[PDB]
Amino acid sequence: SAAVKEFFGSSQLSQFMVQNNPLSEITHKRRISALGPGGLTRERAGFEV
DNA sequence: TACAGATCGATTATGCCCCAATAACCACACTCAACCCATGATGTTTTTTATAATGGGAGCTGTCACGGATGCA
């Protein structure tokens, strides 16, 4: 339960869901990110990615 | 006959003993703290356990790319 709770809420890929519009809802749930565990960082990422 | 005054008798002044309050000054007091010294309940620390136990890595870290030294071999 500790590990699953840390992933659900304390991880980078789980963040508060935007609720301004239904469009914001859809475009936040249909989102692809290249960060988080095993991914790049904004400082590290160059140009090709 | 015309014209005068003259004493009874009234409002006004000026001062003070009392005195019905005025204020300071001095006398005695109860209640409420303050600190202390216990009794004891709670708290904190120390000591010992005898079948046998004999080498983790803890999660790596996930990957940019310059320059300038730098310590070698």
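The first sequence maps to residues 499 to 547 in full-length UniProt numbering.
Virtual Cβ for every residue (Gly too), placed ideally from N, Cα, C.
Range covered by the alpha helix (DSSP H) that runs through residue i
i, result
"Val502", "500 to 508"
"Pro520", "520 to 527"
At least 3 beta-carbon pairs within less than 8 Å: the region 522 to 538 vs the region 499 to 507: Contact annotation: the region 522 to 538 does not touch the region 499 to 507, with fewer than three C-beta pairs closer than 8 Å.
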